[PDB]
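Visitor: With the input below, show me the fold.
(chains A and B)
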Amino acid sequence: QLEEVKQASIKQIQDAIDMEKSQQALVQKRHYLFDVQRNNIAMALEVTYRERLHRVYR
Amino acid sequence: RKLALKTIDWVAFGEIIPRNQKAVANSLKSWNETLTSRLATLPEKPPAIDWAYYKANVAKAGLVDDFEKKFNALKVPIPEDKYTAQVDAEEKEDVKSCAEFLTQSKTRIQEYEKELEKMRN
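Guide: Numbers count the residues shown, from 1 in each chain, chains lettered A, B, ... in the order given. Below is the structure in question.
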């Protein structure tokens, strides 16, 4: 008797967990990614304004 | 342009898996972080000229004044950049997150957790 009950109890929550983790992951990593892709571009930018002021002033 | 910053959240950042853009993130972190600190370095601007003096002992002071007026007038364009397609190279592997596993996962989570109750009985 007891065997099959524990087999079901494992499988049901398992499925919850793994999907809820799969959802949560992709949301977070991309919304994070969204902003990382900024940050990359734009860093370049501030550098060149910084640099210009030195460069001309020299 | 100048510096920008969005949602730099490094742990999930690399994590992506659109594979030809997956690999990029792992490096793009370090390229970025190096970047971030390297900007965090510089001065922005340098001095403002003591023009009153440079006339004094550049007594070719037409040159001084020419360059003085030019410097007083001289206002740089800003830089070039081009990867504001990354904004949208995001939205694609911005729907991947959405569609693929937004919806998949809600769907899947529904049947499973629901699937807890009935077989909990």
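Visitor: Please count neighbours and contacts with C-alpha atoms only from this point.
Guide: OK.
Visitor: what helix or strand is residue 31 on?
Guide: The chain I'm using is chain A. Assigned by DSSP states H and E, residue A:31 belongs to helix A:2-57.
Visitor: actually it's chain B I care about, not the one you picked
Guide: Counting by DSSP H and E, residue B:31 is part of helix B:19-41.
Visitor: Return the distance of whatever helix or strand comes next after that helix from the chain's centre.
Guide: Downstream of helix B:19-41, the first helix or strand assigned by DSSP H and E is helix B:51-56. Here helix B:51-56 shows a centroid-to-chain-centroid distance of 41 Å under the convention C-alpha atoms, centre = their mean, to the nearest Å.
Visitor: other SSEs contacting the next helix or strand after helix B:51-56?
Guide: Going down the chain from helix B:51-56, the next helix or strand is helix B:61-73, by DSSP H and E. On a contact count with 3 or more C-alpha pairs under 8 Å, 6 or more residues apart in numbering or on different chains; DSSP states H and E, helix B:61-73 meets helix B:51-56.
Visitor: residues contacting residue B:108?
Guide: The contact partners of residue B:108, by C-alpha atoms under 8 Å, 6 or more residues apart in numbering or on different chains, come to A:15-16, A:19.
Visitor: Check whether residue B:12 really touches residue A:31, as I assumed.
Guide: No. In this structure, residue B:12 is not within contact of residue A:31 by C-alpha atoms under 8 Å, at 9.1 Å.
Visitor: What's the separation between residue B:21 and residue B:71?
Guide: According to C-alpha to C-alpha, to the nearest Å, residue B:21 and residue B:71 sit 45 Å apart.
Visitor: what does residue B:107 give?
Guide: In this structure, residue B:107 and residue B:71 are 64 Å apart, going by C-alpha to C-alpha.
Visitor: cool, residue B:110 as well?
Guide: 67 Å.
Visitor: now the spatially most central residue of chain B, what's its secondary structure?
Guide: Closest to where the C-alpha atoms of chain B average out (C-alpha atoms, centre = their mean) is residue B:4, at 4.5 Å. Recorded secondary structure, residue B:4: coil (DSSP: H, G, I helix; E, B strand; the rest coil).
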